[PDB]
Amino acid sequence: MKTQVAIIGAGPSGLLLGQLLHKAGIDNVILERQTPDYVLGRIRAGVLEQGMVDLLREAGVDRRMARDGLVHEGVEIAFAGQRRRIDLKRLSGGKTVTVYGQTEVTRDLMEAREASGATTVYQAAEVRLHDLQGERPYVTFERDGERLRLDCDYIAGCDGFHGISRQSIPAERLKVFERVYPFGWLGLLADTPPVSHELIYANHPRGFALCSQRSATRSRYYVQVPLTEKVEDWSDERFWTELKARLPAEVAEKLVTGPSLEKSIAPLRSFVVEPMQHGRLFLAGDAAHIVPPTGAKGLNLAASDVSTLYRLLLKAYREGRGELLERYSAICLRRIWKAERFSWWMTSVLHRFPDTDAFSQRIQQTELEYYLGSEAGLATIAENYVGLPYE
């Protein structure tokens, strides 16, 4: 087989790129290692920047989101007794965020693709990239037990952190920057009414807690836990009890608990690779960078990369300007680092770090007090939170 752009991975990155391209006439083929069900079983993200909301509209996949997603005009930070609300709409100059599960975005994109009849190969084993620097690179894989070959002009590596894409670029061409946090998040999905109409990020002496939702009858909650904890050690009871212990007494007494639908521990990490490309291979999403979940930038950075790629690929294809693809990394990395800086800040002010002397404790508390008390400070939170402009 042969296509124009070969897409490795059917997560949000891959599908969104696949949909935008297909809609513009550029044929693509998506190769996915797993089964659709397995993909749709991932809970992950729930917060979308406005820029991605419009990208979805542009991908023609927004009916359901426009109906079921929730627009939020403010978020709440709770520290040392108090609860401060950041009015995102006025502080950002009219911008907001939309709460809509990542699983849903995926579901919607998967519906759109199946209906378009565009090619998608799930359960594509042993994917290998070949001739990344020739005029005709190719992808090989196994379906059942046959080794097939796919010829294409370009390859978009949207296969995530553990994908094959990043490993296919010679180590000596890539420079890596990485930070691992000494903690992880233990998340919990439940079919219960959320505790607040807006999200609550809480800094507490026992660690960070987060109160989120997926809908009016579905809540997503998280608590900071040591990397040494195994999820089977945390029964529902323990989770609710621990959560309640970290929240404002008034919030805690309004909490409607219940049995979990999903529960898991996601470790925190920062990771950026430079550059994000090699010959005819371009990296997008988690295949190129990882951010701690604290500032909700992961899914959102995926979207921005994909937006930049789709638009450089249009010009190269319809306008015959293939030289523009050389600046892909330059464009993406600017946004990536800004997002990384914000995610790192959010993470350092809300989480309780192990082995912290008194001075840094006081500085963390004061960072909160200053930023949440100054008009200029609240603005740095708001404009970053809703998402900095696409360039």
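One rule holds for the numbers: they count along the sequence shown, beginning at 1.
When the mean C-alpha temperature factors of 341-349 and 324-332 are read from the deposited coordinates, 324-332 comes out higher. In this entry, the higher average B-factor at the C-alpha atoms falls on 372-380, of the pair 372-380 and 12-20.
Reading the B-factor column for the CA atoms of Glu198, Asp108, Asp305, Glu142 in the entry, the top value corresponds to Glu142. Per the PDB record, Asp62 has a higher Cα B-factor than any other of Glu32, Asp62, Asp68, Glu49. The entry lists a Cα temperature factor for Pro193 that places it in the middle third of the chain's modelled residues. Residue-level temperature factors show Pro275 in the middle third of its chain, judged at the C-alpha atom. Ranked against the other modelled residues of its chain, the C-alpha B-factor of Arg42 as given in the entry falls in the middle third.
Among all modelled residues in its chain, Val127 ranks in the middle third by Cα B-factor. Annotation for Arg311: CA B-factor lies in the middle third of the chain's modelled residues.
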